[PDB]
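Below you'll find the structure, written out as C-alpha cells, and then a few comments.
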Amino acid sequence: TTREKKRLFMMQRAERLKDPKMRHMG
Amino acid sequence: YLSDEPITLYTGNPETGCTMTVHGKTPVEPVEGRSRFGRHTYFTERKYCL
Amino acid sequence: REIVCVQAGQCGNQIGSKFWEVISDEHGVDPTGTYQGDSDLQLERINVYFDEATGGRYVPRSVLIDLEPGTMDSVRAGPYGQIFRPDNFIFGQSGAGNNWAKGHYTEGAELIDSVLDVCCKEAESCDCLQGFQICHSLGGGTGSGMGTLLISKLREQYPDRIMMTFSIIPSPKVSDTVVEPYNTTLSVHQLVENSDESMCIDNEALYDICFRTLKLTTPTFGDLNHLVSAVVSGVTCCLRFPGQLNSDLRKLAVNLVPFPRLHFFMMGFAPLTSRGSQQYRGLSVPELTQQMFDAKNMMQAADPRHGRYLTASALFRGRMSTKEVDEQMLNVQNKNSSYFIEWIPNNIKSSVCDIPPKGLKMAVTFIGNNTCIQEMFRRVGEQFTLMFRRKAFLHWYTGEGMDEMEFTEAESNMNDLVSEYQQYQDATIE
Amino acid sequence: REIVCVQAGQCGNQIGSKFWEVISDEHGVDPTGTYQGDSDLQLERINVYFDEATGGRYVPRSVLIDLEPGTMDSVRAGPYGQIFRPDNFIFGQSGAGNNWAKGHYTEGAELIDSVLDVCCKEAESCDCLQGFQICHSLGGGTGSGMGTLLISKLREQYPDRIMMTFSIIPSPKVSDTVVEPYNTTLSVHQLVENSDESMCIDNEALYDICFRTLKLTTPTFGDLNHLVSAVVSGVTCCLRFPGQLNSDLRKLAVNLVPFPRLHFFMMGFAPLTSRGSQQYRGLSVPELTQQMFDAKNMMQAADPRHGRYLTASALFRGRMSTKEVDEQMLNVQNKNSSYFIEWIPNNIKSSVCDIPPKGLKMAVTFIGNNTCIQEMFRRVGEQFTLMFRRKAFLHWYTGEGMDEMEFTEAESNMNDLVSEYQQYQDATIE
Amino acid sequence: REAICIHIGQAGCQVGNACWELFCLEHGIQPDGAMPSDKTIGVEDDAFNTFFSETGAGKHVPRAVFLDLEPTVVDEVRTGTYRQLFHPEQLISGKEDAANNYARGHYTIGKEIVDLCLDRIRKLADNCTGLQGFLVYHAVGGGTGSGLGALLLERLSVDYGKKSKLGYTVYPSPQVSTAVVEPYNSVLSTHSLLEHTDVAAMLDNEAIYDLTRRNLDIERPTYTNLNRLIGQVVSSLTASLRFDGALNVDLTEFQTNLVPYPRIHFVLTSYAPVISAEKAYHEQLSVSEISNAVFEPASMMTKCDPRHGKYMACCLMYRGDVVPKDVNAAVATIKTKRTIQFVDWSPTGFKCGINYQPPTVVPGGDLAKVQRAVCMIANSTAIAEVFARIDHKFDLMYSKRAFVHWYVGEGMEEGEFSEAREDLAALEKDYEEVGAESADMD
Amino acid sequence: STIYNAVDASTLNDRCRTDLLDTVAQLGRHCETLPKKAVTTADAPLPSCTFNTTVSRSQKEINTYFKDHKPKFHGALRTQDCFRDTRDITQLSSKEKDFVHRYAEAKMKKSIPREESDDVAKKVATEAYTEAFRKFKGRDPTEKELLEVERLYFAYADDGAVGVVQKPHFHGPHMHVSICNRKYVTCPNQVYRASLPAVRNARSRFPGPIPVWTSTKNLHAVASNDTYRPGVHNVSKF
Amino acid sequence: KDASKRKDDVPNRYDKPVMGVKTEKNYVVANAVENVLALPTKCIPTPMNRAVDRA
Ligand SMILES: Nc1nc2c(ncn2[C@@H]2O[C@H](COP(=O)(O)OP(=O)(O)OP(=O)(O)O)[C@@H](O)[C@H]2O)c(=O)[nH]1
Ligand SMILES: Nc1nc2c(ncn2[C@@H]2O[C@H](COP(=O)(O)OP(=O)(O)O)[C@@H](O)[C@H]2O)c(=O)[nH]1
Ligand SMILES: Nc1nc2c(ncn2[C@@H]2O[C@H](COP(=O)(O)OP(=O)(O)O)[C@@H](O)[C@H]2O)c(=O)[nH]1
Ligand SMILES: [Mg+2]
C-alpha cells in the first residue's frame, strides 16, 4: 500500500534527522 | 612517565581524596585517557544546531 | 521591598556566585531551589531576593552579562549554578579585548538592548522596587564599559530609586593588565555623575586581610569574593529581618551623603579571626567596635589616618543591648575628636538587628565616608599622566573611534573630584 | 453559529491539516470520526466546526482546493486525513507556475464554478452561518490567484457575513521565489478592497519565535503551522464555550476597525516557553500580559515601537478573576501611553472564557491594530518599484493577458493604504 | 575559537611536522585521525576544535596548508607516518625552487602557485565560525620563503582585511650562515613583514643551538630539537584558548597589551624550564625561580641582549601549578631589580595568564617532565641592534653589486635595493626615538 | 461587487444611503490629499531585446471632514517653560561650551575673553544669581564667580521666581514611584523638550547563528561584519 | 609592486597632547548658592482636574 510506505519512509527520515551531527555531516 | 597525570592543586591529592573548590572549572568527559581540563561549551554553544 | 542584582564580567560573575551561595545558606534554600529552612523568620522575607517558581522552587533575581561565554559555562558548572534561570544569561561572541572603547561602543551597543529587556522584565515584576546592586571591576573591559553603559540606562529609567555599585579598582602594586589606567579613569568619570553611592575595594587590601588577620596559607580569589559577598549580604540584613532599630539603604544614603558628589565609601566587616585564635576570645560589642575601626580590617588601600570622617554607619546583627552600642559610639566620638569633621556635631549612625548570620552570635558591618579616598584617585591619575603624555597605547582607542578630548574630559572630572574632597577636608568654621 | 473554513494551496492545506488536528483533539473526535470525549460541554457546540453524519460520525465543513494533486495525496496520507469528505477535494491537472495571472484568469475560471458549488452546498446547510475563515499565502501562485478570486465571489454571494483571512507574505530575507513582489502587490490590492479583517504572518517572525523563545534544535514547517493553528483556534474559543464575558468575531471587528480600510491586524499568543525553561517560571496573568505585548511574541517583522496602537483585543481562556484582567489591561494602557492613539480614551477590549486549550490551565491570544504594518507594505512596494521600472519579468503576465494598468492601479491603491496608516502613526503637536 | 596555520618552504614544513606531532599527542588524535568519544549526546569536549575538524566518518583533519616549490619535503610528508592525517589537497607542491632568489619567488614562480594557496585558505575560512587569526611559519633567508611569503601576506592582507596575522620567522643568524645571498632576501623580506604583520616573533638558530648545548646536555643537536622547542612555545601561547584556567588570554589581548604603536610589533620570546632529566633531581622549580629564569639572556631564542635596551611590555603565560599570589610576588621582585629596565612611559609593564594544563611530553624528546612552566613574549628596543648586523652585510655586498645581475635578470629593478635599505634605516630610527626617555620644552 | 451596487441593492432608507456614500466620498478625497509616493514608470532609454520576441515564445503566447476639537480645562497645570523652549538637544550644551573654552585656554597657555551674548535668559539668570550671592555673602560676585551661570540649568517656579533644577530628569518617558507606580511623559524636572527616543528593530538579525544583518541602504539587502558593523547603525525614529 | 601604507608613523618625543586641565572654583560657596536657589519637586501624582472644569 502506498500510504504505509510513505509513512514508513517519513518515520525513518525523522529517526535519522533526530541527531544534529547526522543531519549536518552524516 | 608519558601517560601519568601530574599531581596538582586543581586535580587534588589522589591518595587522600582532598580537593579544593575553585572557580574556572567545567564538566568533565568520563572517557579514558582524556584530560579533565578540556573546555566544555555545550550549555552556551549548542553545536550543530540551526 | 525588592532588590535586583546585575553581575558583569568575570569578577562580577564570580563574586555573584559566592553572594548567592551565602544568601541561599542564610535562608536555607537547597541548591535544587527547594526551601528546607527551620524557622518562619527565614521564609517571611524570602521574596526580597528570590522569586517563586512553580511547585516549591525559588529563582534568584539576578542578570548575568559577559562578553565571552567562558565564565558562563563555569558558573553554570558551579555547585549552585543550577538555581539560575537559563534565559538570564546574556553573552556575546568576541571578547572585550581589555579595551574600554570596544566594550562601550562596539559590542556594548550590540548587547545592551537585551540586558535592558531582562532588567525591565525583572523590575516590572516587583510589587515595590528598591535599588539595584551591581558588582564589577573598573580595570577590565566589558565590566567597565558595559557596566557604566547599563548604569546610565538604568539611571535614565529609574531616577528616583537607589543606584548601588561594588567596584574593584586596579592595585598600584599588582596589576594583571597594562591598560588599566584608561579604563579606570573613564569609568570613575561615568560613576561620579551616575551613582548615588559607590563602594570601592582594592585586591591588595583583601590579600592583607587574608594573610595578616586570617593567616590563610594559600588564599584564592574565592576567599576575596567570599569576604565581598559577606559584606554585600550584610548591608541588606535590616531590610529583611526584624530588629530594635530598623534601617534602610535610603536611610543610609540620607545619613552618609552630605553633598551629591561625595558618595564614595569605605567598607569593613568585623568578626574575622584565625582558627588557632578562636579559642581565646569570646564575641562582645567592645571587640566588634575595636575591630571595625582598625585599619587592618578596612577594604581599601587608603588609610583613615591621613583623612577625616565626614560620616559613618554601623549595622549590628544579634541579640544585644542598645546601651552598649550608644555608649561605645559616644566614647569613640568623644575620645577621638581629631578624626571627625568638626562642622558636623555627630558623625556616627547606629542600627541594631535581631537576626545574626547562622552560626555567629553577633556581627557588624561598617560603612565609612572618608576624604582619604582622594589618595587612590590621585595615584590612578599619576599612572594615567605617565602613560598619556607619550600616547603610549592610544591608537587602539582612537581606532575604535575616540577623540583625544574624551581623555582630557576624564582627567578634568577626576581632578575636580579630588579638588572637591581636598577643599572639604580643609574647610573651617571661621 | 457555524464557520466555514477554506484552505488553498500547499501552505494553506498544511496549516489546515494542523488546525483540524488541534480542533479534533479539543472536541475528542477520533480519527475514525467517532466521539470519544469525556464531557457534555464538548457536545453542545460541536456543530460550530463539524457537521453530523448518521450513526455518530462527524465530518469537517472544509473545502480543499489546489491546482496540482500532490498536496491532496499528502493530506490524505496524513494522520487525520481520513475524516475529510471525499467529495470536498477539488483539484486540477497542472500547476500555477508561481504566476498570479495563470492562477487567477486561465486555470482559475475553469475550476472556480465547482468550488463555488461546493461552498454554496456547505453554506446553505448551516442553520445559522457565521463568517468564513480562509488560509493562504500571498507570495505563491494558486494561493494568491484562486484565493482572491474565491474571496471576491463569496463576498458577492454573502455580503452580510464576515470575511476573515490569515495570510503569509514573503520575507525580504528568507524568500523561496523571485517573482514574489508582483504576486504580493496584486494580492494586497485585492484584499484591501475585498477583506473585512486580514491577519499577516512572516515566516521570519515564526522562526524567531521558535529559535529565541522555544529554543527548538531542528525546527520544521509543522511547528510553524502549529503556532498559526494555535492562534486561529484561540480566536474562536469564546464562540463555542461558556465564559464570564462572551465575545464574537463581529464584536472584534466592531471594536477594532475605526475606518473601513484600516482592517489589517497583528497577532500573538502568550504562553510560549521551552521545555527546559518551563520549570523556572510559573504562568500568571501579569506574565501572559507582559509576553502578550512583547514584540518578541508578535508574528510580523514590523515592530510596534515604530507606530502607535489604535485598538487592541485580548481573549483570555481559563478560570481567573476579572479584577486581575481589568487592572492588568489598565496598567498596560497607562504604562505605555505614548504608543496609544490619544483621541480614543481606552483602546483595549478584554474577554474571558472558562475552558483553556488542552494541556494549559490558562492562555491568552492577542489581536492588535498597529500602524507599524505600513513598513511591511512599503518594503514590498520598494522591491516592486525596482523590478517594475526595468520591465524585469512582465512578459509572463502580459502573455497571460494582464494590462500594465492593473499593475499601476494596484501600486496606487497600496500607496494610498500606506499614506493612511502613515498620517495616524505620527504625532502632530501643531 | 580556531586558528589556521600556513607553513611555507623547508623550515616552515619541518617546524610544522613537530608542531602537529605535539598537538596530536596532546589532544590524543591517533596517526590515522581517529579518536574515541562518548556515546551520549552532551557529554563531550571541544578543545580539539581550535586545531582539528572531524569528518562524518570520524576522521580528524587539521587546519593547515603546507606550501613548497620543490616536491621533496612534501613528498616526505606524504610518505611518512602521518600520511592519513592530512587531506591531500592541503599538501601543495610546485615543480622547481626559487633558487635563493626573492625576485624569482615574488615575480616569476610564486605568481603561478599563489592562487591555489589562496583557494585552499578560502576553503578553510569558509569552514569556520570564530576565526581569530593566521599563524605563519617561514624563513626569510631563502628565496621561496621570502618571496612567496611576502606575496601571500600581501594577498591575504587585501582579501581578509582586519583578521590578524602572527608570524614565527627564522631570521638570518648574526655569524652562523648557510647561503651567500641571505642579506638581500632578508632585507627585501622585512619591508613586507613591516607592512603586513600584527606581531612578528624573531628566531635565530644560533641561539637555540646555544640553549640546547648549555641547558640541555646534547653534544650534536639537529633541527628536530629546535623545531620541538618552537612547537612547545606555540603550544604554550595557544593553550589559553584550549584548556580551563584562572586568567585566560585571548589573542586580541596579546596585541592590545604588547603593541604600543602600530609599527613597533617585533617581539622577543623565551621559555623557562628547559632542563635535562639529571638537573630535575637537583633543582627546585618554584614560580619565582622560573620567573627569574625567563629574564636570563641565556634563555632567549633570538640572539639579542635585552640589557642594551629598554622593555616596553611583557606578557607572562603560566601553565601548571601556579597561584596568582606567587605570580604577584615574583613580578614585584622582578620589578625591584635594577638590571631590568622599563621605559618611563610604561609603569604597569606586565600582563599575566594562568592555565591549568601542564606541558606535554613527546616520546623522543629531550626536555624533562615538569609540573609547571612559564613562557614570555616581550617588546624591547634592543631588537634594533639585530637589524643593523644584516644591514652591514647588505652594504658590504651591495658596494660592488656583487650578485645583483641575478635579481635584475629575473625581473627586479635595482631601485628596490635602495628603497628597502632606507626603510630598514627608518625602522631603526623609530626604535631609537620611541625608546628615548622623557622630553624637554625646547 | 462595487460599493454602489451593494448600497443600491440594500434595504436601507434613502437618507442612510446618502450618508454612507458621502462618507465614502469624503474618505476618498482626504486620501487623495495626503502625501504619497509617486507611481513608478518605465525608463525611456531601455535597450533592445526587451521588445523583441522568439518564435517558440510567440507560439506559446495567445495574445472639511475631520474637524479639530482641542478642549481646554480651567486651571490646568503649566506644561511649558521659556528656558526649556530656548534650549535645543542637537547642539552643544552650555557646559560643553565652557569646557571647549577652557580647553582652548589651556592649549594656548593664556586667557581668552569670552563672547558676549544679548540673550534675555542669560541676563535674567545672572540677576537671580547675583541676588542669591548677595544674600548669602555680603559681597557682590566677581567675574570669575559669575561663570557658574553657564554650568547650571534654570527654570521658573509657579509664582514667577527663578531657580535651579538640581537633578534633571530624562526627556523621554520615565518612572516616579510612590504608593503607586506611574509613567510621566512630561515632568517639571525635565530640561529639554519631551521626545520619544528612536529604537532598533528587533528582527534585524537572521533567524540563526549565522552573522547576517539587514543593510543600511535599503530595506531588502543584507550585510555582514566585513569592514563595518551593520548592527550598530539600524536605529531609526520610524 | 605593493605600495600600500597600513600603519601610521610613530609620534615624536616632543609631541604632547593638551592635558592637566583644571577648573578653579570655591566648592563650598558654589554648593551653598546652588542649594539656596534650588526649586522643590515632588514625586506624588499631580492633582487631577475635575470633569466639570471643561470650558
Ligand atoms: N630552525 C630551523 N632552521 C631551518 C630549518 N630548515 C632550514 N632552516 C634554515 O633556514 C634557512 C634556509 O631557508 P630554506 O627554508 O631552506 O629556504 P626555502 O624556503 O627552501 O627557499 P628555496 O631554497 O628557494 O626553496 C637557513 O638559514 C637554514 O639554516 C629547520 O628545519 N629548522
Ligand atoms: N576580587 C576578585 N578580583 C577578580 C576576580 N576575577 C578577576 N579579578 C580581577 O579583575 C581584573 C580583571 O578584570 P576582568 O574581570 O577580567 O575584566 P573583564 O574582562 O572586563 O571581565 C584583574 O585585576 C583581576 O585580578 C575575582 O573573582 N575576584
Ligand atoms: N508556514 C508555512 N509556510 C509554507 C508552507 N508551505 C509553503 N510555505 C511558504 O509559502 C511560500 C510558497 O508559497 P506556496 O504555498 O507554495 O504557494 P502556492 O504554490 O500558490 O500554493 C514560501 O515562502 C514557502 O516557504 C507551510 O506548510 N507552512
Ligand atoms: Mg628549498
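By convention here, the chains of the C-alpha cells are called A, B, ... in the order presented, each chain's residues are numbered starting at 1, and ligands are numbered starting at 1 in the order presented.
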- List all protein, DNA and RNA residues that have any atom at most 9 Å from ligand 4, counting only C-alpha atoms and all ligand atoms, and write the list as a list in words.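 Here is the list of contacting residues: residues 9, 10, 11, 68, 69, 70, 73, 97, 98, 99, 100, 142, 143, 144 and 145 of chain E.
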Preceding selection exported with C-alpha atoms as a PDB file, in the first residue's frame:
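Once written, selection_33.pdb looks like this:
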```
ATOM      1  CA  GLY E   9      59.148  26.238   2.452  1.00  0.00           C
ATOM      2  CA  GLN E  10      61.593  23.874   4.099  1.00  0.00           C
ATOM      3  CA  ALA E  11      61.982  25.319   7.595  1.00  0.00           C
ATOM      4  CA  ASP E  68      56.585  24.408  -1.122  1.00  0.00           C
ATOM      5  CA  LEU E  69      58.087  24.934  -4.591  1.00  0.00           C
ATOM      6  CA  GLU E  70      60.274  21.784  -4.500  1.00  0.00           C
ATOM      7  CA  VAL E  73      59.840  17.767   1.527  1.00  0.00           C
ATOM      8  CA  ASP E  97      62.548  26.043  -6.372  1.00  0.00           C
ATOM      9  CA  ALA E  98      63.062  29.823  -6.176  1.00  0.00           C
ATOM     10  CA  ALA E  99      66.861  29.177  -6.163  1.00  0.00           C
ATOM     11  CA  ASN E 100      67.531  31.589  -3.243  1.00  0.00           C
ATOM     12  CA  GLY E 142      65.648  31.569   1.405  1.00  0.00           C
ATOM     13  CA  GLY E 143      64.119  32.516  -1.920  1.00  0.00           C
ATOM     14  CA  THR E 144      60.657  30.940  -1.849  1.00  0.00           C
ATOM     15  CA  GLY E 145      60.112  31.632   1.874  1.00  0.00           C
TER      16      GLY E 145
END
```
Which polymer residues have any atom within 10 Å of an atom of stretch 426-431 of chain E, counting only C-alpha atoms, with same-chain residues fewer than 5 positions away left out, as a JSON list (two decimals) with N, CA, C and O atoms, in the first residue's frame?
```json
[["chain", "number", "residue", "atom", "x", "y", "z"],
["E", 191, "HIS", "N", 60.61, 44.54, 4.51],
["E", 191, "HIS", "CA", 59.62, 45.57, 4.11],
["E", 191, "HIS", "C", 58.19, 45.02, 4.12],
["E", 191, "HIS", "O", 57.28, 45.63, 4.71],
["E", 194, "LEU", "N", 57.09, 44.29, 7.61],
["E", 194, "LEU", "CA", 56.76, 45.57, 8.28],
["E", 194, "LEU", "C", 55.32, 45.98, 7.96],
["E", 194, "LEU", "O", 54.58, 46.33, 8.88],
["E", 263, "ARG", "N", 53.70, 50.21, 14.36],
["E", 263, "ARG", "CA", 54.91, 49.66, 13.70],
["E", 263, "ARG", "C", 55.80, 48.91, 14.68],
["E", 263, "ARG", "O", 56.68, 48.17, 14.21],
["E", 264, "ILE", "N", 55.59, 49.07, 15.98],
["E", 264, "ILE", "CA", 56.52, 48.52, 17.00],
["E", 264, "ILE", "C", 56.01, 47.14, 17.39],
["E", 264, "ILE", "O", 55.57, 46.95, 18.53],
["E", 309, "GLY", "N", 68.89, 47.52, 25.84],
["E", 309, "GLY", "CA", 67.69, 48.30, 25.51],
["E", 309, "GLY", "C", 66.74, 48.44, 26.68],
["E", 309, "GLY", "O", 67.14, 48.16, 27.82],
["E", 380, "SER", "N", 60.97, 45.00, 23.11],
["E", 380, "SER", "CA", 62.13, 45.74, 23.66],
["E", 380, "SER", "C", 62.88, 46.45, 22.53],
["E", 380, "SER", "O", 62.91, 45.93, 21.40],
["E", 381, "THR", "N", 63.48, 47.59, 22.85],
["E", 381, "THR", "CA", 64.22, 48.38, 21.84],
["E", 381, "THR", "C", 65.52, 47.71, 21.41],
["E", 381, "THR", "O", 66.11, 48.16, 20.42],
["E", 382, "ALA", "N", 65.97, 46.68, 22.12],
["E", 382, "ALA", "CA", 67.23, 46.00, 21.78],
["E", 382, "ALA", "C", 67.17, 45.38, 20.38],
["E", 382, "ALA", "O", 68.23, 45.20, 19.76],
["E", 383, "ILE", "N", 65.98, 45.04, 19.91],
["E", 383, "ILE", "CA", 65.83, 44.39, 18.57],
["E", 383, "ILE", "C", 66.40, 45.27, 17.44],
["E", 383, "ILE", "O", 66.79, 44.72, 16.40],
["E", 384, "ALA", "N", 66.43, 46.59, 17.61],
["E", 384, "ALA", "CA", 67.04, 47.47, 16.59],
["E", 384, "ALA", "C", 68.49, 47.07, 16.30],
["E", 384, "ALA", "O", 68.96, 47.28, 15.17],
["E", 385, "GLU", "N", 69.17, 46.52, 17.30],
["E", 385, "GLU", "CA", 70.57, 46.05, 17.14],
["E", 385, "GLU", "C", 70.64, 44.82, 16.23],
["E", 385, "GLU", "O", 71.67, 44.63, 15.55],
["E", 386, "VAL", "N", 69.59, 44.01, 16.21],
["E", 386, "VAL", "CA", 69.55, 42.78, 15.36],
["E", 386, "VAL", "C", 69.53, 43.14, 13.87],
["E", 386, "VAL", "O", 70.23, 42.50, 13.07],
["E", 387, "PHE", "N", 68.74, 44.14, 13.49],
["E", 387, "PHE", "CA", 68.66, 44.57, 12.07],
["E", 387, "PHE", "C", 69.99, 45.14, 11.56],
["E", 387, "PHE", "O", 70.33, 44.93, 10.38],
["E", 388, "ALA", "N", 70.70, 45.89, 12.40],
["E", 388, "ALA", "CA", 71.98, 46.52, 12.00],
["E", 388, "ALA", "C", 73.00, 45.49, 11.48],
["E", 388, "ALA", "O", 73.76, 45.82, 10.56],
["E", 420, "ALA", "N", 64.46, 49.43, 0.11],
["E", 420, "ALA", "CA", 64.40, 48.55, 1.29],
["E", 420, "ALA", "C", 65.45, 48.95, 2.33],
["E", 420, "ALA", "O", 65.16, 48.92, 3.54],
["E", 421, "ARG", "N", 66.65, 49.28, 1.87],
["E", 421, "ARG", "CA", 67.72, 49.69, 2.82],
["E", 421, "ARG", "C", 67.33, 50.98, 3.55],
["E", 421, "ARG", "O", 67.58, 51.10, 4.77],
["E", 436, "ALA", "N", 63.43, 56.77, 23.75],
["E", 436, "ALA", "CA", 64.18, 57.88, 24.38],
["E", 436, "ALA", "C", 63.43, 58.41, 25.59],
["E", 436, "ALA", "O", 62.24, 58.75, 25.47],
["G", 9, "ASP", "N", 52.83, 56.57, 11.22],
["G", 9, "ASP", "CA", 54.16, 56.80, 11.78],
["G", 9, "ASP", "C", 54.08, 57.10, 13.27],
["G", 9, "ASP", "O", 53.09, 57.62, 13.78],
["G", 10, "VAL", "N", 55.16, 56.75, 13.98],
["G", 10, "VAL", "CA", 55.24, 56.93, 15.42],
["G", 10, "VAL", "C", 55.33, 58.42, 15.74],
["G", 10, "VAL", "O", 55.86, 59.20, 14.93],
["G", 11, "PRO", "N", 54.82, 58.87, 16.88],
["G", 11, "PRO", "CA", 54.94, 60.29, 17.24],
["G", 11, "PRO", "C", 56.32, 60.64, 17.75],
["G", 11, "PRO", "O", 57.08, 59.79, 18.23],
["G", 12, "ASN", "N", 56.64, 61.93, 17.65],
["G", 12, "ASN", "CA", 57.88, 62.45, 18.20],
["G", 12, "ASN", "C", 57.81, 62.47, 19.73],
["G", 12, "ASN", "O", 56.74, 62.43, 20.33]]
```
- Output as a list in words the set of chain D residues within 8 Å of chain A, with distances taken over only C-alpha atoms. residues 77, 217 and 218 of chain D
Please, could you write that set of residues out with C-alpha atoms as a tab-separated table (two decimals), in the first residue's frame?
```
chain	number	residue	atom	x	y	z
D	77	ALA	CA	-1.77	10.29	3.76
D	217	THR	CA	17.06	22.41	17.84
D	218	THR	CA	15.77	21.48	14.33
```
- Within-6 Å residues of ligand 3, basis only C-alpha atoms and all ligand atoms, as an NGL selection string: :D and (9-11 or 14-15 or 137 or 139-143 or 170 or 175-176 or 203 or 221 or 224-225)
So that I have them on file, write out the residues from the current selection with C-alpha atoms, as a PDB file, in the first residue's frame.
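Okay, this is what ended up in selection-v3.pdb:
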```
ATOM      1  CA  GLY D   9      -2.513  25.802  -1.975  1.00  0.00           C
ATOM      2  CA  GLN D  10       0.229  23.790  -0.271  1.00  0.00           C
ATOM      3  CA  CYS D  11       0.822  26.175   2.668  1.00  0.00           C
ATOM      4  CA  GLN D  14      -0.703  22.069   5.523  1.00  0.00           C
ATOM      5  CA  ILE D  15      -1.884  24.696   8.033  1.00  0.00           C
ATOM      6  CA  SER D 137      -0.103  32.517   1.142  1.00  0.00           C
ATOM      7  CA  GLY D 139       3.528  35.040  -2.426  1.00  0.00           C
ATOM      8  CA  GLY D 140       2.509  31.843  -4.240  1.00  0.00           C
ATOM      9  CA  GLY D 141       0.534  31.268  -7.423  1.00  0.00           C
ATOM     10  CA  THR D 142      -2.672  29.266  -6.880  1.00  0.00           C
ATOM     11  CA  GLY D 143      -2.951  30.519  -3.287  1.00  0.00           C
ATOM     12  CA  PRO D 170       7.202  36.681   1.615  1.00  0.00           C
ATOM     13  CA  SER D 175      12.321  34.053   0.140  1.00  0.00           C
ATOM     14  CA  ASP D 176      11.751  30.909  -1.968  1.00  0.00           C
ATOM     15  CA  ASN D 203       7.817  33.131   8.331  1.00  0.00           C
ATOM     16  CA  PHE D 221       7.215  23.667   8.930  1.00  0.00           C
ATOM     17  CA  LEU D 224       5.319  26.989  12.247  1.00  0.00           C
ATOM     18  CA  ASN D 225       1.878  25.637  11.302  1.00  0.00           C
TER      19      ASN D 225
END
```
- Note on the structure: One residue among C:42, C:325, C:199, C:332 is nearest to residue C:24 when using only C-alpha atoms, and that residue is C:42
- Item | From E:411, E:358, E:94, E:245, residue lying nearest ligand 2 [only C-alpha atoms and all ligand atoms] |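 Result for the nearest residue to ligand 2: E:245.
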- Contact residues (chain E, partner chain B, 9 Å, only C-alpha atoms) as a VMD selection string: chain E and resid 27 to 28 36 to 38 42 to 48 241 to 247 320 to 322 356 to 358 360 to 363 369 to 371
- Item | Test item: residues no farther than 9 Å from ligand 1, counting only C-alpha atoms and all ligand atoms, as a PyMOL selection string | chain E and resi 8-15+68-70+96-102+104-105+138-148+170-173+176-179+182+203-206+208+222-227+230
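Nearest residue to residue G:35, choosing from F:232, F:27, F:120, F:165 and counting only C-alpha atoms: F:165.
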Any chance you could tabulate, as JSON lines, the residues of chain E at most 12 Å from ligand 2 with each one's nearest atom pair and distance in Å to one decimal, using only C-alpha atoms and all ligand atoms, in chain and rising number order?
```
{"residue": "E:245", "atom": "CA", "partner": "ligand 2", "partner_atom_place_in_ligand_line": "6 (N)", "distance": 11.5}
{"residue": "E:246", "atom": "CA", "partner": "ligand 2", "partner_atom_place_in_ligand_line": "6 (N)", "distance": 8.2}
{"residue": "E:247", "atom": "CA", "partner": "ligand 2", "partner_atom_place_in_ligand_line": "16 (O)", "distance": 7.5}
{"residue": "E:248", "atom": "CA", "partner": "ligand 2", "partner_atom_place_in_ligand_line": "16 (O)", "distance": 8.4}
{"residue": "E:249", "atom": "CA", "partner": "ligand 2", "partner_atom_place_in_ligand_line": "16 (O)", "distance": 9.5}
{"residue": "E:250", "atom": "CA", "partner": "ligand 2", "partner_atom_place_in_ligand_line": "19 (O)", "distance": 10.2}
{"residue": "E:252", "atom": "CA", "partner": "ligand 2", "partner_atom_place_in_ligand_line": "19 (O)", "distance": 11.9}
{"residue": "E:253", "atom": "CA", "partner": "ligand 2", "partner_atom_place_in_ligand_line": "19 (O)", "distance": 9.8}
{"residue": "E:323", "atom": "CA", "partner": "ligand 2", "partner_atom_place_in_ligand_line": "25 (O)", "distance": 11.9}
{"residue": "E:324", "atom": "CA", "partner": "ligand 2", "partner_atom_place_in_ligand_line": "25 (O)", "distance": 8.5}
{"residue": "E:325", "atom": "CA", "partner": "ligand 2", "partner_atom_place_in_ligand_line": "25 (O)", "distance": 10.2}
{"residue": "E:327", "atom": "CA", "partner": "ligand 2", "partner_atom_place_in_ligand_line": "25 (O)", "distance": 11.4}
{"residue": "E:328", "atom": "CA", "partner": "ligand 2", "partner_atom_place_in_ligand_line": "25 (O)", "distance": 10.2}
{"residue": "E:350", "atom": "CA", "partner": "ligand 2", "partner_atom_place_in_ligand_line": "23 (O)", "distance": 12.0}
{"residue": "E:351", "atom": "CA", "partner": "ligand 2", "partner_atom_place_in_ligand_line": "22 (C)", "distance": 10.2}
{"residue": "E:352", "atom": "CA", "partner": "ligand 2", "partner_atom_place_in_ligand_line": "25 (O)", "distance": 9.7}
{"residue": "E:353", "atom": "CA", "partner": "ligand 2", "partner_atom_place_in_ligand_line": "25 (O)", "distance": 10.6}
{"residue": "E:354", "atom": "CA", "partner": "ligand 2", "partner_atom_place_in_ligand_line": "25 (O)", "distance": 11.3}
```
- Item | Every residue of stretch 28-220 of chain E that DSSP places in helix (DSSP H, G or I), as number ranges by chain | E: 47-50, 72-79, 88-90, 102-125, 143-160, 182-195, 205-214
Given only C-alpha atoms, how would the per-residue table for chain C near chain D read, listing every residue at most 8 Å away with its closest atom pair and distance in Å to one decimal, sorted by chain and number, as JSON lines?
```
{"residue": "C:52", "atom": "CA", "partner": "D:281", "partner_atom": "CA", "distance": 7.7}
{"residue": "C:53", "atom": "CA", "partner": "D:281", "partner_atom": "CA", "distance": 4.8}
{"residue": "C:54", "atom": "CA", "partner": "D:282", "partner_atom": "CA", "distance": 5.1}
{"residue": "C:57", "atom": "CA", "partner": "D:280", "partner_atom": "CA", "distance": 7.5}
{"residue": "C:58", "atom": "CA", "partner": "D:280", "partner_atom": "CA", "distance": 7.9}
{"residue": "C:59", "atom": "CA", "partner": "D:280", "partner_atom": "CA", "distance": 6.9}
{"residue": "C:85", "atom": "CA", "partner": "D:280", "partner_atom": "CA", "distance": 6.3}
{"residue": "C:86", "atom": "CA", "partner": "D:277", "partner_atom": "CA", "distance": 6.7}
{"residue": "C:87", "atom": "CA", "partner": "D:277", "partner_atom": "CA", "distance": 7.6}
```
- Message: Only residues of chain F matter here; which ones have an atom within 8 Å of chain D, counting only C-alpha atoms? Give them as a VMD selection string.
- Response: chain F and resid 1 31 to 32 34 to 37 39 to 43 46 61 to 63 182 to 183 185 199 201 to 203 206 to 208 219 to 222 237 to 238
- Item | d(atom CA of residue F:148, atom CA of residue F:195) in Å | 28.3 Å
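Across the structure, atom CA of residue C:309 and atom CA of residue C:297 are spaced 16.3 Å apart.
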